[PDB]
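One letter stands for each residue in the lines below.
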Number of protein chains: 2
Amino acid sequence: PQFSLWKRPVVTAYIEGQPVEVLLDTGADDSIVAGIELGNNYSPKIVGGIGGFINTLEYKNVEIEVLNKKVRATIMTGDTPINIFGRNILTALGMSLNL
Amino acid sequence: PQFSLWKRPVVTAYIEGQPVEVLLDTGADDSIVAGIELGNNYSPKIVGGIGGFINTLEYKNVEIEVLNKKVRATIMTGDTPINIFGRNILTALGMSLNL
């Protein structure tokens, strides 16, 4: 709807029928997610952070259902402290930054 | 304005005169920068993300000029790769993250 940038902008999601509570990170290229089992159709990936680089696993065209829409998009699985959805899922949802 | 997230929401802001091309990040709490001589009046903070932790030198009451908006803020200094604008100054400019 709108999100005031006062409280962190977390949302509960379903990353292929599996419930995960997520952050809307607009400083994120991607979306990450620890604690899920996507398949075996991954790709060894590296993503950098604010304190450095990690390795994720990259599963294409994952069903995802958040905010009352369905999206199939590209989820990485690595050790993210918080599960983040990036500019990649924000534009599927059809969010922006309104000033 | 408006920001769509097919491109990362980068723009130029002013930290007492010094422009730094920044990223508007709903995933940051606080606004972290690199390559800014602010003061010798700071408190060394530490913040973590993806890849862990960096140490910052948090500075308080710090005027910023971004997107034709003029504000005073808290931003840190540290070895952040890209200049990040956390929410702290996302709610000063008074942004929202809208569907």
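Calculation notes
Residues numbered from 1 in each chain as written, not as in the entry; some residues may be left out. Chains lettered and ligands numbered in written order. Heavy atoms only, no water. Helix = DSSP H or I, 4+ residues; strand = E, 2+ residues; numbered from the N terminus. Contact = heavy atoms within 4.5 Å. Least-squares fit on C-alpha atoms. Pairing = 2+ DSSP bridges. Buried < 20%, exposed > 50% of the residue type's maximum accessible area, 1.4 Å probe, protein only. UniProt positions renumbered as here; feature names shortened; annotations may be inferred. Polar contact = N/O pair within 3.5 Å; in protein donor to acceptor, adjacent residues only side chain to side chain.

Relative to the elements of secondary structure, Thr 91 of chain A occurs in helix α1 (residues 87-93). Excluding residues that lie within four positions of it along the chain, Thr 91 of chain A makes contacts with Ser 4, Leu 5 and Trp 6 of chain B.

Between the two copies of the chain lies a relationship made up of a rotation around an axis and a movement along it. Superposition of chain B onto chain A requires a rotation of 179° combined with a translation of 0.1 Å along the rotation axis, giving an RMSD of 0.6 Å. Taken together, the rotation and translation relating the two chain copies correspond to the operation of a two-fold axis.

So, about the sheet that holds strand β6 (residues 59-66) of chain B. Residue and element names in this part refer to chain B. Read from one edge to the other, the open sheet built from six strands follows the order β3-β7-β6-β1-β2-β8, with strand pairing classed as mixed. The outermost strands of the open sheet, each flanked by one partner alone, are β3 (31-33) and β8 (84-85). The sheet contact formed by β3 and strand β7 (residues 69-77) spans three bridges and is parallel. Bridging across to β7, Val 33 finds its partner in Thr 77.

Attention now goes to unusual backbone geometry. Residue and element names in this part refer to chain B. Even without a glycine there, the phi angle at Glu 16 is positive, about 40°. Accessibility expressed as a relative area gives 40% for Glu 16, which makes it partly exposed. Positive phi is not limited to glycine here, since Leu 67 has a value of about 40°. Considering the arrangement of structural elements, one finds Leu 67 in the loop between β6 and β7.

Next up on the list: the UniProt feature "active site" in chain A. According to UniProt, the "active site" feature falls on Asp 25 of chain A. Its location among the elements puts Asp 25 of chain A in the loop between β2 (19-24) and β3 (44-48). Judged by its relative accessible area of 10%, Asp 25 of chain A is buried. The contacts of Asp 25 of chain A, once residues within four sequence positions are left out, are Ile 84, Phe 85, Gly 86, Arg 87 and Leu 90 of chain A together with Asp 25, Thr 26 and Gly 27 of chain B. For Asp 25 of chain A, the side chain forms a polar contact with the main-chain nitrogen of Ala 28 of chain A, separated by 3.2 Å.

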